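Structure file work.cif (mmCIF, N, CA and C atoms and all ligand atoms) is printed below.
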```cif
data_entry
loop_
_atom_site.label_atom_id
_atom_site.label_comp_id
_atom_site.auth_asym_id
_atom_site.auth_seq_id
_atom_site.Cartn_x
_atom_site.Cartn_y
_atom_site.Cartn_z
N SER A 22 -19.24 -19.12 -18.72
CA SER A 22 -18.35 -20.29 -18.90
C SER A 22 -17.70 -20.72 -17.63
N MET A 23 -17.30 -21.98 -17.58
CA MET A 23 -16.57 -22.47 -16.44
C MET A 23 -15.14 -21.92 -16.40
N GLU A 24 -14.51 -21.65 -17.56
CA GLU A 24 -13.19 -20.99 -17.58
C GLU A 24 -13.28 -19.59 -16.86
N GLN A 25 -14.28 -18.80 -17.25
CA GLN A 25 -14.54 -17.53 -16.58
C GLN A 25 -14.73 -17.66 -15.09
N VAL A 26 -15.55 -18.62 -14.67
CA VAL A 26 -15.66 -18.89 -13.24
C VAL A 26 -14.35 -19.18 -12.52
N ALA A 27 -13.53 -20.01 -13.16
CA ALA A 27 -12.23 -20.37 -12.56
C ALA A 27 -11.29 -19.14 -12.40
N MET A 28 -11.31 -18.24 -13.37
CA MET A 28 -10.54 -16.99 -13.29
C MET A 28 -11.05 -16.12 -12.14
N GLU A 29 -12.38 -16.04 -12.04
CA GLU A 29 -13.03 -15.33 -10.90
C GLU A 29 -12.69 -15.90 -9.54
N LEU A 30 -12.64 -17.22 -9.40
CA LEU A 30 -12.24 -17.84 -8.13
C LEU A 30 -10.76 -17.54 -7.82
N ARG A 31 -9.91 -17.50 -8.85
CA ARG A 31 -8.49 -17.15 -8.64
C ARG A 31 -8.36 -15.67 -8.14
N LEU A 32 -9.09 -14.77 -8.77
CA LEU A 32 -9.06 -13.33 -8.37
C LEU A 32 -9.53 -13.18 -6.94
N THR A 33 -10.55 -13.93 -6.57
CA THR A 33 -11.02 -13.95 -5.18
C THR A 33 -10.00 -14.46 -4.19
N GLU A 34 -9.31 -15.55 -4.53
CA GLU A 34 -8.29 -16.08 -3.64
C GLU A 34 -7.10 -15.10 -3.55
N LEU A 35 -6.70 -14.48 -4.66
CA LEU A 35 -5.66 -13.44 -4.60
C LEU A 35 -6.07 -12.27 -3.67
N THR A 36 -7.31 -11.79 -3.83
CA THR A 36 -7.90 -10.79 -2.95
C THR A 36 -7.83 -11.17 -1.49
N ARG A 37 -8.10 -12.45 -1.17
CA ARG A 37 -8.02 -12.93 0.20
C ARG A 37 -6.62 -12.79 0.76
N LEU A 38 -5.64 -13.19 -0.04
CA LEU A 38 -4.23 -13.13 0.35
C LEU A 38 -3.74 -11.65 0.48
N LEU A 39 -4.14 -10.79 -0.47
CA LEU A 39 -3.82 -9.37 -0.37
C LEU A 39 -4.48 -8.66 0.80
N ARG A 40 -5.65 -9.14 1.24
CA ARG A 40 -6.23 -8.66 2.49
C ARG A 40 -5.34 -8.94 3.69
N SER A 41 -4.79 -10.14 3.74
CA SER A 41 -3.96 -10.54 4.86
C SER A 41 -2.63 -9.73 4.81
N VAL A 42 -2.11 -9.52 3.61
CA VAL A 42 -0.94 -8.65 3.42
C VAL A 42 -1.27 -7.22 3.90
N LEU A 43 -2.45 -6.70 3.56
CA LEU A 43 -2.76 -5.31 3.85
C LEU A 43 -2.90 -5.11 5.36
N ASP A 44 -3.58 -6.06 6.02
CA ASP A 44 -3.64 -6.03 7.48
C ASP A 44 -2.28 -6.10 8.17
N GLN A 45 -1.39 -6.98 7.69
CA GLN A 45 -0.01 -7.12 8.19
C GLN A 45 0.85 -5.84 8.02
N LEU A 46 0.72 -5.19 6.86
CA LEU A 46 1.44 -3.92 6.61
C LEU A 46 0.96 -2.82 7.50
N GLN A 47 -0.36 -2.75 7.68
CA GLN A 47 -0.98 -1.77 8.45
C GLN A 47 -0.65 -1.94 9.96
N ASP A 48 -0.34 -3.15 10.39
CA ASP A 48 0.10 -3.38 11.78
C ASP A 48 1.47 -2.81 12.04
N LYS A 49 2.23 -2.55 10.98
CA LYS A 49 3.54 -1.97 11.08
C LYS A 49 3.51 -0.45 11.17
N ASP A 50 2.28 0.09 11.17
CA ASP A 50 1.94 1.52 11.24
C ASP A 50 1.00 1.75 12.38
N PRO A 51 1.40 1.41 13.64
CA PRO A 51 0.49 1.61 14.79
C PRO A 51 0.03 3.07 15.05
N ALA A 52 0.87 4.04 14.69
CA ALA A 52 0.50 5.48 14.78
C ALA A 52 -0.56 5.93 13.78
N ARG A 53 -0.77 5.11 12.76
CA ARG A 53 -1.78 5.34 11.77
C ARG A 53 -1.47 6.57 10.90
N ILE A 54 -0.20 6.79 10.63
CA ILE A 54 0.33 7.87 9.77
C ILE A 54 -0.18 7.72 8.34
N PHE A 55 -0.23 6.46 7.90
CA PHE A 55 -0.63 6.10 6.50
C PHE A 55 -2.07 5.54 6.28
N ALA A 56 -2.91 5.58 7.33
CA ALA A 56 -4.24 5.00 7.32
C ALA A 56 -5.25 5.68 6.42
N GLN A 57 -5.15 7.00 6.26
CA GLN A 57 -6.17 7.79 5.57
C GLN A 57 -5.50 8.77 4.59
N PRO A 58 -6.24 9.24 3.60
CA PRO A 58 -5.65 10.26 2.73
C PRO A 58 -5.15 11.51 3.48
N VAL A 59 -4.10 12.12 2.95
CA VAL A 59 -3.75 13.46 3.35
C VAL A 59 -4.97 14.35 3.04
N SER A 60 -5.41 15.14 4.01
CA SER A 60 -6.48 16.10 3.69
C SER A 60 -6.00 17.38 2.97
N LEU A 61 -6.51 17.58 1.74
CA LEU A 61 -6.23 18.78 0.93
C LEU A 61 -6.77 20.02 1.61
N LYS A 62 -7.59 19.84 2.64
CA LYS A 62 -7.96 20.94 3.55
C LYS A 62 -6.90 21.23 4.69
N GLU A 63 -5.79 20.49 4.75
CA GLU A 63 -4.72 20.74 5.82
C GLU A 63 -3.22 20.61 5.34
N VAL A 64 -3.02 20.20 4.12
CA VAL A 64 -1.73 20.37 3.48
C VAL A 64 -2.28 20.89 2.19
N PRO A 65 -2.69 22.18 2.17
CA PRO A 65 -3.50 22.61 1.01
C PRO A 65 -2.76 22.59 -0.30
N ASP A 66 -1.43 22.75 -0.19
CA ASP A 66 -0.53 22.64 -1.38
C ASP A 66 -0.13 21.20 -1.77
N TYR A 67 -0.62 20.21 -1.00
CA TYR A 67 -0.23 18.77 -1.26
C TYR A 67 -0.25 18.32 -2.68
N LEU A 68 -1.32 18.67 -3.41
CA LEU A 68 -1.47 18.17 -4.78
C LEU A 68 -0.57 18.88 -5.83
N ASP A 69 -0.01 20.03 -5.49
CA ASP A 69 1.07 20.62 -6.33
C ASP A 69 2.35 19.82 -6.26
N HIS A 70 2.54 19.12 -5.12
CA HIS A 70 3.70 18.27 -4.90
C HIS A 70 3.55 16.84 -5.35
N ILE A 71 2.44 16.21 -4.95
CA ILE A 71 2.26 14.77 -5.07
C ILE A 71 1.12 14.51 -6.07
N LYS A 72 1.47 13.86 -7.18
CA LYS A 72 0.56 13.63 -8.29
C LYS A 72 -0.44 12.49 -8.11
N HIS A 73 -0.02 11.45 -7.39
CA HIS A 73 -0.82 10.24 -7.11
C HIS A 73 -0.74 9.89 -5.60
N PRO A 74 -1.53 10.59 -4.79
CA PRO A 74 -1.73 10.29 -3.37
C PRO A 74 -2.25 8.89 -3.14
N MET A 75 -1.78 8.28 -2.07
CA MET A 75 -2.18 6.95 -1.76
C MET A 75 -2.12 6.80 -0.24
N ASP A 76 -2.93 5.89 0.24
CA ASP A 76 -3.11 5.60 1.68
C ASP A 76 -3.71 4.22 1.85
N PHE A 77 -3.74 3.70 3.07
CA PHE A 77 -4.25 2.36 3.31
C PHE A 77 -5.76 2.21 3.12
N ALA A 78 -6.56 3.22 3.44
CA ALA A 78 -7.98 3.14 3.25
C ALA A 78 -8.34 3.06 1.77
N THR A 79 -7.63 3.83 0.96
CA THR A 79 -7.80 3.83 -0.47
C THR A 79 -7.45 2.45 -1.07
N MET A 80 -6.38 1.84 -0.60
CA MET A 80 -6.02 0.50 -1.01
C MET A 80 -7.11 -0.51 -0.60
N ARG A 81 -7.61 -0.39 0.62
CA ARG A 81 -8.66 -1.28 1.11
C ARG A 81 -9.93 -1.18 0.22
N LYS A 82 -10.33 0.02 -0.20
CA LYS A 82 -11.47 0.17 -1.10
C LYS A 82 -11.23 -0.56 -2.43
N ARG A 83 -10.02 -0.42 -2.96
CA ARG A 83 -9.67 -1.06 -4.21
C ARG A 83 -9.66 -2.59 -4.07
N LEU A 84 -9.21 -3.07 -2.93
CA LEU A 84 -9.12 -4.48 -2.64
C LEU A 84 -10.50 -5.07 -2.55
N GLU A 85 -11.40 -4.36 -1.88
CA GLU A 85 -12.76 -4.88 -1.69
C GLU A 85 -13.61 -4.95 -2.96
N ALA A 86 -13.29 -4.12 -3.96
CA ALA A 86 -13.78 -4.25 -5.33
C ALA A 86 -12.96 -5.25 -6.19
N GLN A 87 -12.16 -6.11 -5.56
CA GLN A 87 -11.23 -7.01 -6.29
C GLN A 87 -10.46 -6.28 -7.38
N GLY A 88 -10.02 -5.07 -7.05
CA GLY A 88 -9.35 -4.22 -8.00
C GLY A 88 -7.85 -4.45 -8.24
N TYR A 89 -7.21 -5.35 -7.51
CA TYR A 89 -5.80 -5.71 -7.79
C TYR A 89 -5.74 -7.07 -8.54
N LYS A 90 -5.34 -7.01 -9.80
CA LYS A 90 -5.25 -8.23 -10.62
C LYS A 90 -3.99 -9.05 -10.35
N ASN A 91 -2.98 -8.46 -9.70
CA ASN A 91 -1.75 -9.20 -9.38
C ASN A 91 -1.02 -8.52 -8.23
N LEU A 92 0.02 -9.15 -7.72
CA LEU A 92 0.70 -8.61 -6.55
C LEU A 92 1.48 -7.36 -6.93
N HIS A 93 2.00 -7.30 -8.15
CA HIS A 93 2.70 -6.12 -8.64
C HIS A 93 1.86 -4.83 -8.52
N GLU A 94 0.60 -4.87 -8.92
CA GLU A 94 -0.35 -3.74 -8.74
C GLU A 94 -0.52 -3.29 -7.29
N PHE A 95 -0.59 -4.25 -6.40
CA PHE A 95 -0.77 -3.96 -5.00
C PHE A 95 0.53 -3.34 -4.45
N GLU A 96 1.66 -3.94 -4.77
CA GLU A 96 2.97 -3.36 -4.43
C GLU A 96 3.19 -1.94 -4.91
N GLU A 97 2.73 -1.60 -6.11
CA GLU A 97 2.87 -0.26 -6.64
C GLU A 97 2.19 0.79 -5.78
N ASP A 98 1.00 0.44 -5.28
CA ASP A 98 0.23 1.35 -4.43
C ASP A 98 0.93 1.46 -3.06
N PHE A 99 1.43 0.35 -2.50
CA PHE A 99 2.19 0.44 -1.24
C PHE A 99 3.44 1.35 -1.41
N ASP A 100 4.16 1.15 -2.49
CA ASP A 100 5.30 2.00 -2.81
C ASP A 100 4.96 3.49 -2.99
N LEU A 101 3.77 3.83 -3.49
CA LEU A 101 3.34 5.21 -3.55
C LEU A 101 3.18 5.80 -2.17
N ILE A 102 2.60 5.04 -1.25
CA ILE A 102 2.42 5.51 0.13
C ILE A 102 3.80 5.96 0.69
N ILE A 103 4.80 5.10 0.54
CA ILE A 103 6.13 5.34 1.08
C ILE A 103 6.82 6.47 0.35
N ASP A 104 6.82 6.37 -0.96
CA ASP A 104 7.57 7.26 -1.81
C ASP A 104 7.05 8.67 -1.76
N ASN A 105 5.73 8.84 -1.72
CA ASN A 105 5.11 10.17 -1.61
C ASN A 105 5.53 10.85 -0.31
N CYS A 106 5.49 10.07 0.76
CA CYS A 106 5.84 10.58 2.09
C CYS A 106 7.33 11.05 2.12
N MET A 107 8.22 10.26 1.54
CA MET A 107 9.64 10.57 1.49
C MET A 107 9.96 11.74 0.61
N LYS A 108 9.07 12.10 -0.32
CA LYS A 108 9.28 13.28 -1.15
C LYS A 108 8.78 14.53 -0.46
N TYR A 109 7.55 14.48 0.04
CA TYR A 109 6.92 15.65 0.66
C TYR A 109 7.57 16.07 1.97
N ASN A 110 7.96 15.08 2.78
CA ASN A 110 8.57 15.34 4.07
C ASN A 110 10.10 15.28 4.08
N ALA A 111 10.73 16.14 4.87
CA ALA A 111 12.21 16.12 4.91
C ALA A 111 12.73 14.93 5.70
N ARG A 112 13.95 14.55 5.36
CA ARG A 112 14.67 13.46 6.02
C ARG A 112 14.68 13.48 7.54
N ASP A 113 14.69 14.69 8.13
CA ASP A 113 14.68 14.85 9.60
C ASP A 113 13.33 14.67 10.33
N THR A 114 12.26 14.32 9.62
CA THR A 114 10.94 14.40 10.21
C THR A 114 10.49 13.03 10.60
N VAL A 115 9.60 13.00 11.58
CA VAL A 115 8.91 11.78 12.02
C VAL A 115 8.20 11.04 10.85
N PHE A 116 7.66 11.80 9.93
CA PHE A 116 6.88 11.20 8.81
C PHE A 116 7.82 10.46 7.87
N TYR A 117 8.91 11.11 7.52
CA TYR A 117 9.89 10.45 6.60
C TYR A 117 10.44 9.19 7.27
N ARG A 118 10.81 9.31 8.54
CA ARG A 118 11.37 8.19 9.26
C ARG A 118 10.37 7.07 9.40
N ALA A 119 9.10 7.40 9.60
CA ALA A 119 8.04 6.34 9.70
C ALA A 119 7.90 5.60 8.35
N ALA A 120 8.11 6.32 7.24
CA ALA A 120 8.04 5.70 5.88
C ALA A 120 9.23 4.75 5.67
N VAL A 121 10.42 5.16 6.11
CA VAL A 121 11.60 4.29 6.00
C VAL A 121 11.33 2.98 6.73
N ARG A 122 10.85 3.08 7.97
CA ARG A 122 10.56 1.96 8.81
C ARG A 122 9.45 1.05 8.26
N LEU A 123 8.41 1.64 7.69
CA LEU A 123 7.35 0.85 7.06
C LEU A 123 7.84 0.12 5.84
N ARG A 124 8.66 0.78 5.01
CA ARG A 124 9.28 0.16 3.87
C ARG A 124 10.13 -1.07 4.30
N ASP A 125 10.92 -0.89 5.35
CA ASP A 125 11.82 -1.97 5.83
C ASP A 125 11.07 -3.17 6.34
N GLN A 126 10.09 -2.92 7.21
CA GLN A 126 9.23 -3.95 7.77
C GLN A 126 8.24 -4.55 6.76
N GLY A 127 7.83 -3.75 5.78
CA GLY A 127 6.97 -4.20 4.70
C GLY A 127 7.65 -5.12 3.69
N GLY A 128 8.95 -4.89 3.44
CA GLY A 128 9.82 -5.80 2.69
C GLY A 128 9.70 -7.27 3.05
N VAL A 129 9.72 -7.55 4.35
CA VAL A 129 9.59 -8.92 4.88
C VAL A 129 8.25 -9.55 4.42
N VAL A 130 7.17 -8.80 4.63
CA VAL A 130 5.80 -9.28 4.39
C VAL A 130 5.61 -9.55 2.90
N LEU A 131 6.06 -8.60 2.08
CA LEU A 131 5.95 -8.68 0.61
C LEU A 131 6.81 -9.78 -0.03
N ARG A 132 7.96 -10.05 0.57
CA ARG A 132 8.86 -11.07 0.08
C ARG A 132 8.22 -12.46 0.15
N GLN A 133 7.52 -12.73 1.25
CA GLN A 133 6.84 -13.99 1.44
C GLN A 133 5.55 -14.05 0.61
N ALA A 134 4.83 -12.93 0.51
CA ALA A 134 3.62 -12.89 -0.30
C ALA A 134 3.95 -13.24 -1.77
N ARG A 135 5.08 -12.77 -2.30
CA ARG A 135 5.54 -13.14 -3.64
C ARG A 135 5.76 -14.65 -3.79
N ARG A 136 6.43 -15.25 -2.83
CA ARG A 136 6.59 -16.71 -2.83
C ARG A 136 5.23 -17.47 -2.78
N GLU A 137 4.29 -17.02 -1.93
CA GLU A 137 2.96 -17.65 -1.81
C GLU A 137 2.10 -17.52 -3.08
N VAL A 138 2.14 -16.35 -3.73
CA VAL A 138 1.39 -16.11 -4.97
C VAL A 138 1.94 -16.95 -6.12
N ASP A 139 3.27 -17.06 -6.18
CA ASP A 139 3.97 -17.91 -7.16
C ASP A 139 3.67 -19.38 -6.92
N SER A 140 3.78 -19.80 -5.66
CA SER A 140 3.60 -21.18 -5.24
C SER A 140 2.15 -21.70 -5.38
N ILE A 141 1.17 -20.92 -4.92
CA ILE A 141 -0.26 -21.25 -5.07
C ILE A 141 -0.72 -21.08 -6.52
N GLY A 142 -0.04 -20.21 -7.28
CA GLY A 142 -0.41 -19.87 -8.66
C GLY A 142 -1.40 -18.71 -8.67
NA NA B 1 11.88 16.01 -0.06
#
```
I'd like the structure from this file rewritten - as structure tokens, please.
Ligand code: NA
Amino acid sequence: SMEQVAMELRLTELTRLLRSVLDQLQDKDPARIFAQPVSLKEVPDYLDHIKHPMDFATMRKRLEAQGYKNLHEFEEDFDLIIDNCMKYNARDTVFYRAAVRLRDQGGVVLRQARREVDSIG
């Protein structure tokens, strides 16, 4: 149906916009702290602590399968990246502090993406 096609074109355009968001967020992480999964071969106890690991590469795979149906879904995964880091790492560490900073700088990017998704429909 043409209705189905139109929904598919909307999902594609949302995907395009979330790609630009994901690239922008990732530029706020030049050290690449959040780029890849934590390796269970080097924080071997990680999964006893953190139930839903998340990272930018994992988000990118989901994005490329058009796996985010709305901005809220994409935001939830970004929030897992930050929140997991702030739980596993202590307040005094480079990792916790990098998560605070990414959250702060990511706020700006996400605030405008919400306006664009609402405005474009
Ligand atoms: Na903690």
(message) Using only N, CA and C atoms and all ligand atoms, which residues have at least one atom no more than 7 Å from ligand NA 1 (chain B)? Output them as an NGL selection string.
(response) :A and (107-112)
(message) DSSP on the backbone, alpha helix (DSSP H) only: what residues of stretch 71-113 of chain A does that give? Format it as a list in words.
(response)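 Reading the DSSP output for stretch 71-113 of chain A, alpha helix (DSSP H) covers residues 77, 78, 79, 80, 81, 82, 83, 84, 85, 92, 93, 94, 95, 96, 97, 98, 99, 100, 101, 102, 103, 104, 105, 106, 107, 108 and 109 of chain A.
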(request) Skip residue A:74 itself and residues of its chain fewer than 2 positions away, then list as a list in words all residues within 6.5 Å of it, counting all atoms listed in the file. (result)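 Residues near the query, excluding close chain neighbours: residues 71, 72, 76, 101 and 102 of chain A.
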(message) Would you compute the distance between atom CA of residue A:135 and atom CA of residue A:85? Give it in Å to one decimal.
(response)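 Those two atoms sit 20.2 Å apart.
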(message) Between atom C of residue A:34 and atom C of residue A:122, what distance in Å does the model show, to one decimal?
(response)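 Computed distance, atom C of residue A:34 to atom C of residue A:122, equals 26.0 Å.
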(request) Compile the contact shell of residue A:55 as a list in words: residues with an atom at most 7 Å away, counting only N, CA and C atoms, same-chain residues fewer than 6 positions apart removed. (result) residues 75, 76, 77 and 78 of chain A
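Atom C of residue A:43 sits 15.4 Å away from atom CA of residue A:120.
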(request) Identify which of the residues A:140, A:105, A:121, A:31 lies closest to residue A:70, counting all atoms listed in the file when measuring atom-to-atom distances. (result)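 Ranking A:140, A:105, A:121, A:31 by distance to residue A:70, first place goes to A:105.
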(request) Compare A:67, A:89, A:116, A:99 by their minimum atom-to-atom distance to residue A:36, counting all atoms listed in the file, and give me the closest one. (result) A:89
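When only C-alpha atoms are used to measure the gap to residue A:133, the shortest distance among A:103, A:92, A:30, A:61 belongs to A:92.
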